[PDB]
Structure formats: C-alpha cells, structure tokens
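Undergrad: This structure is in structure tokens; I'll ask about it shortly.
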Amino acid sequence: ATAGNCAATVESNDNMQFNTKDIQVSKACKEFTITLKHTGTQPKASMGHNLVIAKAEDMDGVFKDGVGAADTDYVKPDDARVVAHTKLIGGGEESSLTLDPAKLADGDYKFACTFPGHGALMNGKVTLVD
Ligand SMILES: [Cu+]
C-alpha cells in the first residue's frame with residue numbers, strides 16, 4: 001500500500017509501547033499526517049507520549065533539545081532538525097502532525113517519544129518509500 005495512505009495512526013499506551021516500530025511515508029503524498037492516540041488511563045504529566053520525527057543522525061540533538069523544552073510538551077518550537085512533532089497526550093487524548101515526505105530524502109529518519117525515560121524504548125524507523 002503506497003498510493004492509498006497520506007495519513008497514519010499510531011497508538012501508545014501506559015504500558016510503554018507503540019503499536020508500530022516502522023512507519024513508511026509515501027512520496028506519492030504531498031503531505032503526510034500522523035495521528036497519535038494514547039489509549040490508556042494515565043495523564044500526560046505521569047505518562048505522556050509524543051511522536052517526533054527527525055533525522056537519525058541528529059536524533060540525539062532532538063532528544064537533548066526536547067528535554068530542555070519541558071514547558072512545551074518536550075518539543076522545541078524550531079522544526080529545523082525536527083521534521084514533525086506532536087504534543088504530549090494523556091489517557092484518551094490525541095495529537096497529530098504533518099510532514100513533507102520529500103524532506104525525508106536526506107537520509108535515515110526515526111520517530112520517537114521525547115519524554116525523558118521513554119525514548120530509550122519508544123522509538124522506531126520512519127522511511128520515505130515509493
Ligand atoms: Cu512517551
């Protein structure tokens with residue numbers, strides 16, 4: 001499936017997991033939407049999740065700058081090394097982002113939760129595909 005997916009939905013729970021560790025972005029899409037749904041009962045301050053997509057080579061700086069942006073859902077208003085980012089969502093809440101697929105051609109991109117203590121496990125691969 002490539003010509004029938006301009007959006008994706010990721011489910012995160014308070015058991016510390018994503019329902020997918022691989023996201024394939026179609027270059028057939030002008031923009032790609034990713035919707036995150038936190039299917040749990042824990043509030044964002046106790047077990048919050050976000051989905052940040054950035055260049056893997058720069059992913060370290062993304063997490064680092066994310067921790068410094070605690071007031072802004074652990075996402076820093078910048079979007080230079082970061083391609084897209086959701087907000088922190090609690091049990092029942094959802095957040096979404098829109099990214100330019102053609103910007104993922106720079107190399108290997110990853111998606112992860114920039115919540116301190118989560119990124120070590122809550123991360124995967126996001127690849128631009130045809
Ligand atoms: Cu998280």
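Every chain in the structure tokens takes a letter, A first, then B, and so on in the order presented; its residues are numbered from 1, and the ligands are numbered from 1 following the presented order.
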Write as an MDAnalysis selection string the residues around ligand 1, taking 8 Å as the cut-off and counting only C-alpha atoms and all ligand atoms.

TA: chainID A and resid 12 16 47:50 113:119 122

Undergrad: Which polymer residues have any atom within 7 Å of an atom of residue 127 in chain A, counting only C-alpha atoms, with same-chain residues fewer than 6 positions away left out, as a ChimeraX atom specification?

TA: /A:23-25,108-109

Undergrad: Selected residues, N, CA and C atoms, written as a short mmCIF file (atom, residue, chain, number, x, y, z; two decimals), in the first residue's frame, please.

TA:
```
data_model
loop_
_atom_site.label_atom_id
_atom_site.label_comp_id
_atom_site.auth_asym_id
_atom_site.auth_seq_id
_atom_site.Cartn_x
_atom_site.Cartn_y
_atom_site.Cartn_z
N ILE A 23 7.34 3.12 10.29
CA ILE A 23 6.42 3.98 9.57
C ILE A 23 6.98 4.31 8.20
N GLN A 24 6.25 3.95 7.17
CA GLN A 24 6.69 4.16 5.81
C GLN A 24 5.90 5.28 5.17
N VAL A 25 6.60 6.36 4.86
CA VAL A 25 5.98 7.54 4.29
C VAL A 25 6.05 7.50 2.78
N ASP A 108 18.32 8.74 6.88
CA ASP A 108 17.53 7.88 7.75
C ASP A 108 16.83 8.69 8.81
N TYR A 109 15.52 8.58 8.86
CA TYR A 109 14.73 9.27 9.86
C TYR A 109 14.19 8.30 10.89
#
```

Undergrad: Could you write out, as a PyMOL selection string, all the residues of range 32-77 of chain A that DSSP marks as helix (DSSP H, G or I)?

TA: chain A and resi 44-47+56-67+70-72

Undergrad: I need the residue nearest residue 4 in chain A from this list: A:78, A:65, A:26, A:21. Use only C-alpha atoms for the distance.

TA: A:26

Undergrad: Using only C-alpha atoms for the distances, tell me which of A:17, A:42, A:2, A:33 is nearest to residue 89 in chain A.

TA: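 Closest to residue 89 in chain A of all the choices is A:42.
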
Undergrad: Applying 9 Å and only C-alpha atoms, which residues near residue 20 in chain A remain after dropping the ones on its own chain fewer than 4 positions away? List them as a PyMOL selection string.

TA: chain A and resi 10-11+124

Undergrad: Applying 7 Å and only C-alpha atoms, which residues near residue 76 in chain A remain after dropping the ones on its own chain fewer than 4 positions away? List them as a list in words.

TA: residues 65, 66, 69 and 72 of chain A

Undergrad: Could you save those same residues with N, CA, C and O atoms as an mmCIF file, in the first residue's frame?

TA:
```cif
data_model
loop_
_atom_site.group_PDB
_atom_site.id
_atom_site.type_symbol
_atom_site.label_atom_id
_atom_site.label_comp_id
_atom_site.auth_asym_id
_atom_site.auth_seq_id
_atom_site.Cartn_x
_atom_site.Cartn_y
_atom_site.Cartn_z
ATOM 1 N N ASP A 65 17.422 18.654 23.033
ATOM 2 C CA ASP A 65 16.719 19.931 22.990
ATOM 3 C C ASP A 65 15.275 19.762 23.462
ATOM 4 O O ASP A 65 14.654 20.702 23.957
ATOM 5 N N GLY A 66 14.758 18.547 23.327
ATOM 6 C CA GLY A 66 13.413 18.252 23.787
ATOM 7 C C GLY A 66 13.298 18.314 25.299
ATOM 8 O O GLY A 66 12.326 18.848 25.833
ATOM 9 N N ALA A 69 12.945 21.631 26.667
ATOM 10 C CA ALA A 69 11.672 22.253 26.338
ATOM 11 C C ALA A 69 10.534 21.580 27.094
ATOM 12 O O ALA A 69 9.497 21.245 26.517
ATOM 13 N N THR A 72 7.068 22.999 26.872
ATOM 14 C CA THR A 72 6.399 22.879 25.595
ATOM 15 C C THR A 72 6.288 21.425 25.161
ATOM 16 O O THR A 72 6.649 21.076 24.043
#
```

Undergrad: If I take CA of residue 29 in chain A and CA of residue 86 in chain A, how far is one from the other in Å, to one decimal?

TA: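 Value for the CA of residue 29 in chain A-CA of residue 86 in chain A distance: 19.6 Å.
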
Undergrad: Counting only C-alpha atoms, figure out which residue out of A:129, A:67, A:1, A:51 gets nearest to residue 88 in chain A.

TA: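 Using only C-alpha atoms, residue 88 in chain A sits closest to A:51.
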
Undergrad: Determine, counting only C-alpha atoms, which protein, DNA and RNA residues have an atom within 12 Å of an atom of residue 81 in chain A; residues of the same chain fewer than 6 positions away are not included. Present the result as number ranges by chain.

TA: A: 52-66, 75, 103-104, 106, 109-110

Undergrad: Taking the backbone alone, and naming residues the way the document does, which bits of chain A are strand (DSSP E) by DSSP, as a PyMOL selection string?

TA: chain A and resi 7-13+17-18+22-26+32-38+52-55+82-85+94-99+109-112+125-129

Undergrad: Store the residues of this selection in a file with C-alpha atoms, as a PDB file, in the first residue's frame.

TA:
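Once everything was written out, this is again20.pdb:
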```
ATOM      1  CA  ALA A   7      -2.038   9.546   6.897  1.00  0.00           C
ATOM      2  CA  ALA A   8      -1.262   7.044   9.634  1.00  0.00           C
ATOM      3  CA  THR A   9      -2.429   6.407  13.181  1.00  0.00           C
ATOM      4  CA  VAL A  10      -0.148   5.288  15.994  1.00  0.00           C
ATOM      5  CA  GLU A  11      -1.449   4.008  19.316  1.00  0.00           C
ATOM      6  CA  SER A  12       0.518   4.453  22.518  1.00  0.00           C
ATOM      7  CA  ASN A  13      -0.450   3.176  25.960  1.00  0.00           C
ATOM      8  CA  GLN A  17       4.895   0.754  23.838  1.00  0.00           C
ATOM      9  CA  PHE A  18       3.914   1.786  20.322  1.00  0.00           C
ATOM     10  CA  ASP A  22       8.044   1.116  11.447  1.00  0.00           C
ATOM     11  CA  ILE A  23       6.416   3.983   9.570  1.00  0.00           C
ATOM     12  CA  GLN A  24       6.692   4.159   5.812  1.00  0.00           C
ATOM     13  CA  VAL A  25       5.978   7.538   4.293  1.00  0.00           C
ATOM     14  CA  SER A  26       4.821   7.548   0.700  1.00  0.00           C
ATOM     15  CA  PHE A  32       1.763  13.037   5.402  1.00  0.00           C
ATOM     16  CA  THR A  33      -0.351  13.154   8.548  1.00  0.00           C
ATOM     17  CA  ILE A  34       0.413  11.096  11.628  1.00  0.00           C
ATOM     18  CA  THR A  35      -2.184  10.847  14.364  1.00  0.00           C
ATOM     19  CA  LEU A  36      -1.148   9.603  17.796  1.00  0.00           C
ATOM     20  CA  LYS A  37      -3.775   8.125  20.095  1.00  0.00           C
ATOM     21  CA  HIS A  38      -2.863   7.464  23.721  1.00  0.00           C
ATOM     22  CA  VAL A  52       8.700  13.250  16.971  1.00  0.00           C
ATOM     23  CA  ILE A  53      10.184  12.597  13.544  1.00  0.00           C
ATOM     24  CA  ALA A  54      13.745  13.692  12.961  1.00  0.00           C
ATOM     25  CA  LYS A  55      16.900  12.802  11.083  1.00  0.00           C
ATOM     26  CA  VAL A  82      12.987  18.063  13.619  1.00  0.00           C
ATOM     27  CA  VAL A  83      10.636  17.357  10.726  1.00  0.00           C
ATOM     28  CA  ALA A  84       7.457  16.979  12.756  1.00  0.00           C
ATOM     29  CA  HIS A  85       6.302  16.666  16.359  1.00  0.00           C
ATOM     30  CA  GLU A  94      -4.728  12.537  20.690  1.00  0.00           C
ATOM     31  CA  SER A  95      -2.307  14.671  18.702  1.00  0.00           C
ATOM     32  CA  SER A  96      -1.255  14.868  15.067  1.00  0.00           C
ATOM     33  CA  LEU A  97       1.458  16.219  12.794  1.00  0.00           C
ATOM     34  CA  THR A  98       2.012  16.904   9.114  1.00  0.00           C
ATOM     35  CA  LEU A  99       5.368  16.445   7.437  1.00  0.00           C
ATOM     36  CA  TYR A 109      14.735   9.267   9.857  1.00  0.00           C
ATOM     37  CA  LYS A 110      13.404   7.988  13.168  1.00  0.00           C
ATOM     38  CA  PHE A 111      10.275   8.578  15.191  1.00  0.00           C
ATOM     39  CA  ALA A 112      10.323   8.595  18.969  1.00  0.00           C
ATOM     40  CA  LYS A 125      12.136   3.738  11.977  1.00  0.00           C
ATOM     41  CA  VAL A 126      10.424   6.109   9.566  1.00  0.00           C
ATOM     42  CA  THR A 127      11.381   5.742   5.934  1.00  0.00           C
ATOM     43  CA  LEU A 128      10.489   7.505   2.698  1.00  0.00           C
ATOM     44  CA  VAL A 129       9.214   4.947   0.205  1.00  0.00           C
TER      45      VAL A 129
END
```

Undergrad: Restricting the calculation to only C-alpha atoms, which member of A:90, A:45, A:19, A:123 is positioned closest to residue 70 in chain A?

TA: A:45

Undergrad: Hey, can you check how far CA of residue 92 in chain A sits from CA of residue 15 in chain A?

TA: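 Pair CA of residue 92 in chain A / CA of residue 15 in chain A returns 14.3 Å.
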